[PDB]
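Given as structure tokens, the chain that follows is alone and in the form deposited in one PDB entry.
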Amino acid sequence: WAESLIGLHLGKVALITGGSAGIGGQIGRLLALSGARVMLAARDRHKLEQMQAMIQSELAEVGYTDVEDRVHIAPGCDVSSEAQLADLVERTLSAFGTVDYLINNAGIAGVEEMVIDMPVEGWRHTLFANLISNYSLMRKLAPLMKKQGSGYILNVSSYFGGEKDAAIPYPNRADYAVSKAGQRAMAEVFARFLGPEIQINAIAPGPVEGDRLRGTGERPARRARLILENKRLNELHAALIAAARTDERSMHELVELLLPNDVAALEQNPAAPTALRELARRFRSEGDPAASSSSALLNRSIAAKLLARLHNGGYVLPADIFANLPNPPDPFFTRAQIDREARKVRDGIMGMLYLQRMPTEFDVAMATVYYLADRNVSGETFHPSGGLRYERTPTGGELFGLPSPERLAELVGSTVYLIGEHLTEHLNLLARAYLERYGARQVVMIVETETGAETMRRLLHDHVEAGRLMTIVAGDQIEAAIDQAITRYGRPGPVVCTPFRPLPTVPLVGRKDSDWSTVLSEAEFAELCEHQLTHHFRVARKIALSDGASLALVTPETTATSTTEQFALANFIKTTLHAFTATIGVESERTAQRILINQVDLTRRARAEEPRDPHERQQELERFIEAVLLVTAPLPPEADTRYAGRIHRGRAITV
């Protein structure tokens, strides 16, 4: 079976992260059999030593000599650590000299929570491990590739990273999905800079058959119980948030209704809000009578996670409010309920597959090693396995109008939050539109610095003097700044989130004979992700937890005079953020959250599409206001049908 392989990559040097197991281990194995010298990087020394021994033994069987010189390992390499990535490259160049193939394969599953349960530091960790590490190793190895005249960078992405002009929602996996999309977007935007010497592509396999204790989650008991526990969390949280919106009682007083932990008692309480009574009826109806979740509202773990949501949304509750909660007797969910959910998850994944069979890690690696021989592709995403039924979200519509007068009527008297700093003209125009045209009660302007605050206060002095425009300085503490806005000015209706910072103007590749010292650094790439991705994630997480009505995520602006590097970085951000917007849109829809989250893009693909004179610029800015109103005007009560609700969440439109 190896005859087609031997010789295919003779003379090449390959570095494979995550190379001791999974797809990466098989890619390393087959590259070695094809004649490449390989360096396998991973954390655990023992697994690496086992994989190295297996590959070396196989090489000797087919006739290679001195096999210890053909397969090396780099243990203790956690790709989320920049220092360990630097050491990995030093070790690889010491062993083999210049690297020909960089196989960016390592990937972690990530936080595996909904955005509103996702710690900010966990999000950042996923980005460092799965995305920033890919840039870091490219930045270290591409100079030598260019100097020798050839090289290859392959980012191992996922079907769930989306495709060129469509996002694929991956609920409960937003950090992972964003990291996978960024891997593809990196190949898409760097290809023109890295050519002609260097190819850069992504692979995006679908679910792969593998070790059922590891993997990054695409392939198929405790997870089923966790699904049922987070369903109970979502239903309780949505009903409490909704009740608090239209009831005079505080959130504290509403949570006190749950403390007897008695489903029937809550349903039968004539003074309980209708949303909580109807929820209790559903628990009793939809529940297994042998499960204590049909008669008890909560257990202690759900209660703690619910309390965290409420605190993180700025609701005031004592930390010991659930300390005396009656503990429901086992089982909270029955074995039958758990096995039913488990079969549902498994059958759902298998039902995606047109070919009705799961590919193996060996199969996917074999297709990948053949693909690596192709010298005429760059900026592409190859699907070594595929044929999947799954929901997708097309991006990049440009033809749109204003929202309906019915939706615009919902803005009268509203509290609007605007977040930004450097897009001062856009912020001024938006504040004036909401206040002067659509009857908003007031606008809270949340900026990064005092200098940004004073600039906006001067631009909006008339509304500042009239008490209609308030300004808050957030720095790097956007969540605390939103809490100040909630306490002092009230919870937001519409929210618009623009980036604090502009895009950098440094080179993206170096000249063949340069040291690359001015090229975008590993730290600067991490800073780019912080200001243009993590910024929006933090705001979306906080605003959803705080019961905002709508949220527009706005990408950086490209213009007719943006540098070619700014266009590349802007389109990288636009594609990668689409994965976030699509995923959180579906998350919110499926868990009965009312918030509408969408994306408004100030970035275009090509300079020739941009406005060229003051008239066209006026047209563009009017389009921006129309786009933001189209996604932030709330749906009136007789409109938020199942059908309309899916339309108005998770979308991206291009100004």
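Between two forms, the rigid core is the largest collection of C-alphas that superpose within 1.5 Å. Quick note: we count residues from 1 along the sequence shown, nothing fancier.
Form deposited in another entry: not shown, discussed below.
Engineer: Quick check on the comparison between the shown form and the other one: with the core aligned, only one of 205, 110, 169, 548 should show a Cα shift of at least 2 Å. Which one is it?
Structural biologist: The residue that shifts is 548.
Engineer: When the two forms are laid on each other by their rigid core, does residue 399 show a Cα shift of 2 Å or more between the shown form and the other one?
Structural biologist: The answer is no, as the C-alpha of residue 399 shifts between the shown form and the other one by less than 2 Å after core alignment.
Engineer: Rigid core fitted, is the C-alpha displacement of residue 56 between the shown form and the other one 2 Å or more?
Structural biologist: Not so; residue 56 is displaced by less than 2 Å.
Engineer: Answer yes if the Cα of residue 324 shifts by 2 angstroms or more between the shown form and the other one on a rigid-core superposition, and no otherwise.
Structural biologist: The answer is yes, as the C-alpha of residue 324 shifts between the shown form and the other one by 2 Å or more after core alignment.
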